[PDB]
Asks: 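Got a structure for you, questions after.
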Amino acid sequence: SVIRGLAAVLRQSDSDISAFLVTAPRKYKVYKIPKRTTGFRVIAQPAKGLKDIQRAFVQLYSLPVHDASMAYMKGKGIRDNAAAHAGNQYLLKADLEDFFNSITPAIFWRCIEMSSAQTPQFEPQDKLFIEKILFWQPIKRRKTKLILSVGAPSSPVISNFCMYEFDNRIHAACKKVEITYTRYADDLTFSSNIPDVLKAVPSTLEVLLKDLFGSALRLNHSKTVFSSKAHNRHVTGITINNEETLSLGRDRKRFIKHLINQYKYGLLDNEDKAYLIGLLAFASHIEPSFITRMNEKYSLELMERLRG
Amino acid sequence: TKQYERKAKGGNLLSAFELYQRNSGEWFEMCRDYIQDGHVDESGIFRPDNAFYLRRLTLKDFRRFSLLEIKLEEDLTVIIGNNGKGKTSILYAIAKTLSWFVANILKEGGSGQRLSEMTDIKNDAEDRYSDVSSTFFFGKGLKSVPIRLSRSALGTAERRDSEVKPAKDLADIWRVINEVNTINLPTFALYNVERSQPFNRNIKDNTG
Amino acid sequence: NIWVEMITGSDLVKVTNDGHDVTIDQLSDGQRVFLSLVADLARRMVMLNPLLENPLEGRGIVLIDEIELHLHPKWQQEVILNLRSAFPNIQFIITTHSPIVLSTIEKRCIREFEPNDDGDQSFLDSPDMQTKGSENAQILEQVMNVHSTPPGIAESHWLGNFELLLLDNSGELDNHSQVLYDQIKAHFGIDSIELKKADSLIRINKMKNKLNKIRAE
Amino acid sequence: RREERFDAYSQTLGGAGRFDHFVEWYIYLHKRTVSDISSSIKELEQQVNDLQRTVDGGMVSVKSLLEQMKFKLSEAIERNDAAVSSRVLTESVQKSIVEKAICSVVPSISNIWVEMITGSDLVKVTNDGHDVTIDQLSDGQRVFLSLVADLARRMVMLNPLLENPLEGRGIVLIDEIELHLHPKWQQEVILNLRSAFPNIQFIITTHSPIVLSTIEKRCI
Amino acid sequence: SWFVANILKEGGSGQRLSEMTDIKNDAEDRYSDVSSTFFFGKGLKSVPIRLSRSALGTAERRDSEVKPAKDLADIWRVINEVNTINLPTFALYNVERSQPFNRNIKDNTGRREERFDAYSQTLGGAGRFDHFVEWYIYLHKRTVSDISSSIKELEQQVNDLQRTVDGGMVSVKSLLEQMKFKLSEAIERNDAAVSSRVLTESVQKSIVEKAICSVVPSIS
RNA sequence: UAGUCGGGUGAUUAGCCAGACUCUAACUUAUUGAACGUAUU
Ligand SMILES: Nc1ncnc2c1ncn2[C@@H]1O[C@H](COP(=O)(O)OP(=O)(O)O)[C@@H](O)[C@H]1O
Ligand SMILES: [Mg+2]
């Protein structure tokens, strides 16, 4: 049935879809992307044919996603995520370990079985094809190890779905004690105006993770961080200032001003100029007031020249 | 790369070092100044601009501890309690972590010490593995150096991996910069109760 | 003082210890162990910090277990101050059982296990009491949870019991209070702290009672 | 060699004890308690009798084996007789005495026993309510355990005729009694030692005022 | 040493160069290399091996390159495991070979009989003449003894013991099981010896005697 | 006191100036994929 649906969407024969899917878990290109300091991240992208199938699958089958999930959501982003916590004085961050690669076919099907909201029903015959669509085989010789890859177009949707019940439970629990909760992919954020309520949250998380996923999904204890207005608070790269407003942060703002000054004296190369323009677009989205101030500081004409 | 250039010019030590390695003058001097710059305070004491210290330690299912977090002082931390509270365990955990810096200052890709599979996993831990997580600080250009030592219990099929690359990366900077132009190097030492030994003047070491 | 003598025909390190010239082998275990620690640390710092005017102002992390090991109380009162003065940029992480050592250290530096822990505590914390400059008796009771007098000795309870007896008999020295007073006097002696405290209790209670009588009239 | 009575004098004045000798001896005691020697003699007697019947039945090939088994039986009887001849406390009683002494004197230890784990004998302790190996004990606990264990072993070996062998005579020297002990333990240590070993002359050195608070000035 | 280690054990490690003694004191590059090239027929004209060591604190490690030696030694080891083959001898005889002879020769534990005892201490410098004497006496005893007579005797003893257990003496079942195990072990050793395609002890003796007499002029 | 937030200045990732904050307590991250902002059409 899944095959027939995909074939219709992709205007291909059932037979050619089925044939392609036989070795689909191996149809990934692996490459490295440099980290911002030292080292590399390893990325596995599906082949073009497989990407098309994955997108078609996601189109055909709507899986439930909690409102606290901020990542990969139409019309939502890092701004919305940060804004959710901007009014609270105390902040807690937690992180899940090896998030995408921890999600296996077993977890996926368990979540389908467990799900409260209206999940698509799959025929047993289709289950094998679905596994081949959604999960990557890192080790050629080990046919039994299938995992989600970050680089696949279906991985965001599947990961959000797998966290649906988790998000439901923790959101409900937090709401009772006046804690704001949001999730951006593997990044969990908790904020409150009440002192000392946040201390209990990490233990609660470990119990819930064990309940829902056993030992498959775990908290990264080194990445559990408490903060307050006494210290720096940031949420998904956005600084929350002490006036309870979203900010790019002083250092980033000073860097942008530096670049603008260099541009004013015709010192920016084309690459740096392009970079500056992109960063100003982002700045306009996060902190429009900053753009106003730059217009005042540097002459509207200069800024328009730059952005034109 | 342009990205590394920006970070390095912002004062990031790792980026400056990466640029030095790829282009192998300016970047070398940046790295060396980061390590060597300092001033003499009002009391006549030299103070490095970029201090090096352990900020935080976390122990998970290690010996007596199910999950324990300690925040350390930059100058002096004193741990107190009754016998059997795990005071020595804490120092052992730190010393093993520091062994990874020492190994890599001596030798590229040197190996530090390990947690014991026989003794170091908590006896009644449901998960049969232990973690020692440490975060070190090295000035405002390298605010976080995270290390994790891990070990699974003897005869467990699933084996838990240590994460030591950040230690190695920092120790590499010290080693390589020193090789080109001499720098001052950090001292790491553990003095446990074994320091009480009988003295023998006559037994002389021929190992270096 | 410390120096090398070669003149006997073998290389000997000698020290002036308490005004007497001795070999290292002649030092007490306490002195030798402490000397060993400092000597070793100084050697390493000198070797690793050749560009500093004072190489002992180098960076590093030093871990010391049971800093009071083999040290007399007198030495315990100086050890932390001397170490920090000699190595001003080292991070020291120390364990101790000594209230005397704790009396020389600020509460912010102290991390203290909860007494009934059982290894499920999440975060270590500083004591409530300021330790630096405090009396050792207070540190014992407030920080280390140890009574000022040994609980397994009967005589340790006598002054407490004496006070209770005084309070039970409206402040008057009855037959029972007198017996115990005499026992305290006999055991601890005429100029003992314990007896002086007892005497003080008698005097204050007599005065309190006199006030009470004046108020009743 | 650890079962020989005068092993109690081995390295007594060397300064460290021999805690390793204790462990060996204690495991030995455990094995003998679980397997009595007379049943082995009875079993060996039965085997010798069965082998003698086979030799009497014409199987001359097993005569060499019979002679070996008779030798083993004679040796077992001799050991039993020597044990009987030494008028010694039973191995079970010895074990119990030492266990009680350790648990009474060492505050964190409530129980000590020998487990057969895998294919090796391991001494285990209940320390602060948790079961651990000796190697898992803190240095302070181990050092003090070592002292008491060693002393108790020697007393049991040297005082076989006493109902309580720890009430024997002797002179024990202890340098820095407070070594590795928290103040709470320092308040108990002298009382516990004197209670467990009432007829030993103790000559001790200390830097601890807390220890001195438990002692009469005449002893100082 | 690298060939020997890997013939004996998969992943065996040979000897490394010393940082203290093997590196030239005034080496500008602050590392040392020992490079060797071996030949093994026209199929393997070049087997390169490099032993390397860098000084402490150098910016780059210099590691040894030993894979070809290990690969070749693995061929010898694996093929030998399946079907016995002839193996290469490696030996060093230093001036240390001149040393006095202890007459007081050790009892046959049975290590000297094992084929790969030939690689024991082979590159130590002195040989092991003591091992020769033990092995040679062993060979003599086996030659004077009949082959599988112990097995035949053990076979007879197991048969006699089996008859006793069949006759209703269940007490000797434990002894029968022990003797059956001994018999099986003896047969297995015999079979392993048979399986290992090895020369008879008589022949081995003869070869060695002839060698000694031929090479050493004063010895007939 | 320290750390933190950041309005201004400053050929400007620096420095300096002004104002503020303080649950034991941020460590600024990752693409070509996904989402968002901008550009193109
Ligand atoms: N693997 C383990 N599992 C459980 N408890 C352990 C384990 N290892 C050690 N312990 C316990 O931890 C304590 C060790 O104390 P230690 O680390 O030496 O601290 P301290 O020096 O303060 O006495 C003892 O109480 C011992 O029973
Ligand atoms: Mg992009």
Side-chain angles (χ1 to χ4, degrees), chain A residues 29 31-37 40-41 43-46 51 54-55 58 70-81 89-93 95 149-157 159-160 184-185 187 192-199 222-243 245 247-262 264-265 267 274 277-286 293 297 307, chain B residues 6-12 55-56 69-71 135-137 142-146, chain C residues 108 111 123-126:
Chain A
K29 177 60 167 181
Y31 56 92
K32 296 190 300 183
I33 65 164
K35 289 185 149 283
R36 289 179 178 159
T37 53
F40 297 97
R41 287 189 183 277
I43 301 298
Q45 203 184 130
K51 285 191 280 173
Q54 285 179 352
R55 288 181 192 131
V58 161
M70 303 303 281
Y72 316 122
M73 290 303 291
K74 219 78 71 68
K76 296 215 272 201
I78 61 164
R79 206 203 355 98
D80 306 73
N81 191 39
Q89 61 170 337
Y90 309 110
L91 188 69
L92 172 68
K93 293 286 299 204
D95 235 292
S149 168
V150 67
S154 54
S155 296
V157 172
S159 61
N160 276 345
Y184 198 95
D187 161 306
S192 180
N193 286 315
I194 305 169
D196 302 298
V197 295
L198 292 179
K199 295 153 67 163
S222 68
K223 292 241 277 156
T224 298
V225 174
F226 290 82
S227 190
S228 75
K229 293 181 75 167
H231 309 287
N232 171 264
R233 292 175 292 142
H234 60 272
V235 177
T236 53
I238 299 173
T239 301
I240 303 170
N241 67 13
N242 294 335
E243 295 187 77
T245 321
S247 175
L248 297 161
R250 193 185 215 252
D251 291 334
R252 212 211 290 279
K253 286 185 271 207
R254 282 171 77 85
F255 182 47
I256 292 171
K257 288 188 292 168
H258 168 75
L259 291 175
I260 295 170
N261 191 257
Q262 291 282 96
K264 182 177 176 272
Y265 300 118
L267 298 171
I277 291 168
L279 203 48
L280 286 170
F282 176 74
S284 89
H285 186 55
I286 302 303
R293 286 193 298 261
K297 186 176 162 78
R307 284 146 79 69
Chain B
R6 287 165 192 139
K7 288 275 180 210
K9 283 191 277 185
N12 186 282
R55 276 174 64 169
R56 192 176 291 280
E69 195 190 71
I70 312 171
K71 167 272 173 198
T135 302
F136 294 84
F137 173 90
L142 183 45
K143 294 185 183 211
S144 181
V145 182
Chain C
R108 73 181 179 82
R111 298 292 177 275
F123 201 26
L124 294 183
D125 210 352
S126 62

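Reminder, nothing fancy here: chain letters follow the sequence lines and each chain counts from 1. For the numbers below, each heavy atom of this structure counts, side chains included, while hydrogens, waters and symmetry mates do not.
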Asks: Kindly indicate, with the supporting measurements, whether the criterion side-chain contact (heavy atoms from CB on, under 4.5 Å) is fulfilled by A:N242 and A:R233.
Replies: CA-CA 9 Å; A:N242 294 335; A:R233 292 175 292 142; 3.6 Å; yes
Asks: Decide between north and south for F:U13, the convention being positive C1'-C2'-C3'-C4' for north and negative for south.
Replies: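 South, since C1'-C2'-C3'-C4' is negative for F:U13.
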Asks: When you look at A:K199 and A:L92, which way does the side-chain contact (heavy atoms from CB on, under 4.5 Å) test go after all the steps?
Replies: CA-CA 9 Å; A:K199 295 153 67 163; A:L92 172 68; over 6 Å; no
Asks: Does F:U32 carry a north or a south sugar when the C1'-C2'-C3'-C4' torsion is used to decide?
Replies: south
Asks: Closest nucleotide of RNA chain F for B:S144 versus for A:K229: which of these residues is on the 5' side?
Replies: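 Checking each residue's closest nucleotide, the 5'-ward one belongs to A:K229.
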Asks: Ignoring backbone atoms, establish whether A:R41 has a side-chain N or O less than 4.0 Å from OP1 or OP2 of F:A30.
Replies: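 Looking at the OP1 and OP2 atoms of F:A30, one of them is under 4.0 Å from a side-chain N or O of A:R41.
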Asks: Between A:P34 and A:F282, just flag the one whose closest nucleotide in RNA chain F comes earlier from the 5' side.
Replies: A:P34
Asks: Between B:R55 and F:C27, does any side-chain N or O lie under 4.0 Å from OP1 or OP2?
Replies: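 Yes, because at least one side-chain N or O of B:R55 sits under 4.0 Å from OP1 or OP2 of F:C27.
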Asks: Using a 4.0 Å heavy-atom cut-off, does A:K199 contact any base of the nucleic acid, only the sugar-phosphate backbone, or nothing at all?
Replies: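 Base contact.
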Asks: Report the pucker family of F:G33 (north if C1'-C2'-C3'-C4' is positive, south if negative).
Replies: north
Asks: Pick north or south for the sugar of F:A20; the rule is positive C1'-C2'-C3'-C4' for north, negative for south.
Replies: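 It's north.
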Asks: Under 4.0 Å, counting only non-hydrogen atoms across every strand here, what does B:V145 touch: a base, just sugar-phosphate, or nothing?
Replies: nothing
Asks: Does a distance-only test, which skips hydrogens and angles, find a donor-acceptor pair under 3.5 Å between the side chain of A:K257 and the base of F:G10?
Replies: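 For A:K257, whose side chain was compared with the base of F:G10, there is a donor-acceptor pair (under 3.5 Å).
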Asks: Does F:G7 have its OP1 or OP2 closer than 4.0 Å to a side-chain nitrogen or oxygen of A:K297?
Replies: no
Asks: Does A:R233 place a side-chain N or O at less than 4.0 Å from the phosphate oxygens OP1/OP2 of F:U4?
Replies: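 A:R233 to F:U4 OP1/OP2: no side-chain N or O under 4.0 Å.
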Asks: NA contact type, A:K223, heavy-atom cut-off 4.0 Å: base, sugar-phosphate, or nothing?
Replies: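 The answer is nothing, as A:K223 stays clear of every strand by at least 4.0 Å.
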Asks: Considering every strand and a 4.0 Å limit on heavy-atom distances, what is the contact class for A:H234: base, sugar-phosphate, or nothing?
Replies: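 Contact class for A:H234: base.
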Asks: Between F:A39 and F:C16, how far apart are the two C1' atoms, rounded to whole Å?
Replies: 38 Å
Asks: For A:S228 and F:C23, is the shortest distance between a side-chain N/O and OP1 or OP2 below 4.0 Å?
Replies: yes
Asks: Using a 4.0 Å heavy-atom cut-off, does A:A71 contact any base of the nucleic acid, only the sugar-phosphate backbone, or nothing at all?
Replies: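 No contact.
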Asks: Would you say the side chain of A:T37 and the base of F:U29 hold a donor-acceptor pair, judged only by whether the two atoms sit under 3.5 Å apart?
Replies: no
Asks: Is the shortest side-chain N/O distance from A:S247 to OP1 or OP2 of F:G6 below 4.0 Å?
Replies: yes
Asks: Write down the distance between CD (A:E243) and P (F:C5), rounded to a whole number of angstrom.
Replies: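 Roughly 14 Å, once rounded to whole Å.
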Asks: Pick base, sugar-phosphate or nothing for B:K9, based on heavy-atom distances below 4.0 Å to the nucleic acid.
Replies: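 If one applies the 4.0 Å heavy-atom cut-off, B:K9 turns out to touch a base.
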Asks: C1' atom, F:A35 versus F:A30: distance in rounded Å?
Replies: 14 Å
Asks: Could you check whether F:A14 and F:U24 make a Watson-Crick or G-U wobble pair, counting it only if both donor-acceptor distances come in under 3.5 Å?
Replies: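 When the criterion is applied, F:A14 and F:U24 do not count as a base pair.
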Asks: Does F:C5 have its OP1 or OP2 closer than 4.0 Å to a side-chain nitrogen or oxygen of A:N232?
Replies: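 Checking F:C5 against A:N232, a side-chain N or O does come within under 4.0 Å of OP1 or OP2.
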Asks: Sign of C1'-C2'-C3'-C4' decides it: give me the sugar pucker of F:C27, north or south.
Replies: south
Asks: For F:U13, take OP1 and OP2 only and decide whether either is under 4.0 Å from a side-chain N or O of A:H258.
Replies: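 Indeed, a polar side-chain atom of A:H258 lies that close.
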Asks: Using a heavy-atom cut-off of 4.0 Å across all strands, would you classify B:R6 as base, sugar-phosphate, or nothing?
Replies: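 Result for B:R6 = base.
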Asks: Measuring only the P atom in each nucleotide, how far is F:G15 from F:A11? A whole number of Å is fine.
Replies: 16 Å
Asks: Examine F:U38: is either OP1 or OP2 under 4.0 Å from a nitrogen or oxygen in the side chain of A:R307? Give yes or no.
Replies: no
Asks: Can you see if the side chain of A:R55 gets near the phosphate of F:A34 - specifically, an N or O under 4.0 Å from OP1 or OP2?
Replies: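 The answer is yes; a side-chain N or O of A:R55 sits under 4.0 Å from OP1 or OP2.
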Asks: When rounded to the nearest Å, what value does the distance between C1' atoms of F:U9 and F:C21 take?
Replies: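 About 23 Å, rounded to a whole number of Å.
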Asks: Give one of base, sugar-phosphate or nothing for A:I260, where a contact means two heavy atoms less than 4.0 Å apart.
Replies: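 Since no nucleic acid heavy atom lies under 4.0 Å of A:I260, the category is nothing.
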Asks: Can you check whether A:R36 has a side-chain N or O nearer than 4.0 Å to OP1 or OP2 of F:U29?
Replies: yes
Asks: What does A:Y31 touch in the nucleic acid at a heavy-atom separation under 4.0 angstrom: a base, only the sugar-phosphate, or nothing?
Replies: base
Asks: Is there a side-chain polar atom (N or O) of A:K93 under 4.0 Å from OP1 or OP2 of F:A26?
Replies: no
Asks: When both hydrogen-bonding distances must be under 3.5 Å and the geometry is Watson-Crick or G-U wobble, what is F:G19 paired with, if anything?
Replies: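 F:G19 is paired, partner F:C5.
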Asks: Quantified in whole Å, what is the P atom distance between nucleotide F:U4 and nucleotide F:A14?
Replies: 14 Å
Asks: Going by Watson-Crick or G-U wobble geometry, both distances under 3.5 Å, is F:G15 a partner of F:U9?
Replies: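 Verdict: paired bases.
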Asks: Classify A:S192 by what it touches in the nucleic acid, base, sugar-phosphate, or nothing, heavy-atom distance under 4.0 Å.
Replies: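 It contacts nothing in the nucleic acid.
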Asks: Which is true for A:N261 with a 4.0 Å heavy-atom rule: it touches a base, it touches only sugar-phosphate, or it touches nothing?
Replies: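 Answer is base: heavy atoms of A:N261 come under 4.0 Å of a base.
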